[PDB]
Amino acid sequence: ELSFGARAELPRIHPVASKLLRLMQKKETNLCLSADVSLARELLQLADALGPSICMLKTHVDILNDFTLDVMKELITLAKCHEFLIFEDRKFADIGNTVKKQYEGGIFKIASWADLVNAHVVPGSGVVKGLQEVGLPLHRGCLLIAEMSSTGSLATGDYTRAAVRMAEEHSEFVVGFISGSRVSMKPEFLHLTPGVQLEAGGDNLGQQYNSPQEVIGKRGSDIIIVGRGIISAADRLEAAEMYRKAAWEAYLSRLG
């Protein structure tokens, strides 16, 4: 297994993946904050304070009550300052002709500020082809949702294999996966895993949690995505540090 820093140099690495892997190695973090808040001020205060602890900040722009493109300008300033990527977890999942407009346009102009987006594979490869028309010229990357953390997920077996094939056939734009585990044997692909908490359990709407040690160390993923385990804690900085140290040590132990 190569280190994150060595994977950043792989011949077929995507530039967005390379940038991410280099800052993960530099900062000793494989934590993605899931900034699931409704106030711009809270989003930005979290991004500033937790920026040094994270490799990535994941947004849901469509829950932000006071969204403006100026909020996103300020978030980019923090991402550049503290060195993390912005991942809009939009889960594009329509026909190619529709998703290109949803990615470039409307109020959110997602492609203008998001380093990474993601897509469901269920609609077939046209979803990727439509997003790539906007994202390739803008030097962006995309993650495919190969496995989901929720109870009753149908993203198993042949579905997961289809996601891996779609990614591997669109490597110009697709840089990895949302998954619960390593799903590709190709080290150029990232694996990002949500459904992570230090304690066992779930929520009352189908979320299921596994620990950083389980998903990084045993299941072979690269990055943990953590929302409520950090955002519901009183001291979100120390919570982020706990998650960072857990994910980083699990990675080091698996690298050996």
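Numbers for residues come from their place in the sequence shown, where the first is 1.
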Looking at the entry, does 213 to 221 or 26 to 34 show the higher mean C-alpha B-factor? 213 to 221
What stretch has the higher average Cα B-factor here, 199 to 207 or 58 to 66? 199 to 207
Can you pull the Cα B-factors for 140, 120, 182, 90 from the entry and say which is highest? 182
Based on the PDB entry, the highest CA temperature factor among the options 149, 102, 112, 171 is that of 171
Lowest, middle or highest third: where is residue 79 by Cα B-factor in its chain? middle
Using only modelled residues of the chain, where does the Cα B factor of residue 132 rank: lowest third, middle third or highest third? highest
In terms of the CA temperature factor given in the entry, to which third of its chain does residue 244 belong: lowest, middle or highest? lowest
Mind checking which third residue 167 falls in for C-alpha B-factor across the chain? highest
Third of the chain's Cα B-factor distribution that residue 51 belongs to, per the entry: middle
